[PDB]
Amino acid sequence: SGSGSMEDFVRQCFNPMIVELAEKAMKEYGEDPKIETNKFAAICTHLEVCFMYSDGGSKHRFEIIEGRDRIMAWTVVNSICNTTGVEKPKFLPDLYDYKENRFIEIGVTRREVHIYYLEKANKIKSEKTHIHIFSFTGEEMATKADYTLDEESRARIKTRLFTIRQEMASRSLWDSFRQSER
C-alpha cells in the first residue's frame, strides 16, 4: 500500500539515521520498506516525534527508549526500574521522564486522537505509563490531561507534523497515507 514516490519522499524528508532505524524495524517483521511505503513513513514519523519530544525539556530530562535494540532498550528500562522502583512495564515504552518519574508511550495518528488514545491504553495496558497522542491536524491528548512539555515545544512538534501533511499533499501522497492507518 503506497508508491515509490512515497519512498522517495521518505528519503528526502527524514534524517538518514531515522530512515535506517525504520528500515530495520520493518525488516524485523519481514516487511519491505520499498513496498509497504506508507508504514515506512508512519514509522519514520513516530521516531522523529520521539526524538523531538526528548530534546524539548531540560538536558537529559528524558531517557530515549525507542530506536534502541531490544537488549539496550530493556537494559535502560530495567535499570530505571531498579533506581526508582516504578512498576516495570510489560511492553517497551518510548521515553522515561526523570522529572515526573514515569514512562511515556507516544502515539501518532492520522485518524481522530481519542480513538488512538484508547487502543494504546488497551494494548500497552498501561499501569502507570503516561500516554500522549499527536495528530497531523494539530490535535493532541495526554493522560490525566498532563502534557508534560511547554507549549512552545509541543507546538514545535505539531507544526512539524502539519508541515509533513502538506508536503505529502502537494505530492499527492496524503490520502493513501491517511487511508492506510491500521
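Heads up: residue numbers just count along the shown sequence, starting at 1.
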17 to 25 versus 165 to 173 - greater average Cα B-factor per the deposited record: 165 to 173
I need to verify one thing: averaged over C-alpha atoms only, is the B-factor higher for 39 to 47 or for 57 to 65? 57 to 65
Out of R156, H132, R70, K125, which residue has the highest Cα temperature factor in the PDB record? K125
Lowest, middle or highest third - CA B-factor, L92: lowest
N78: which third of its chain by C-alpha temperature factor? middle
Chain thirds by Cα B factor, record data; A121 belongs to the highest
Mind checking which third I115 falls in for C-alpha B-factor across the chain? middle
Tertile call for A145 (CA temperature factor, within chain, third-based) is the highest
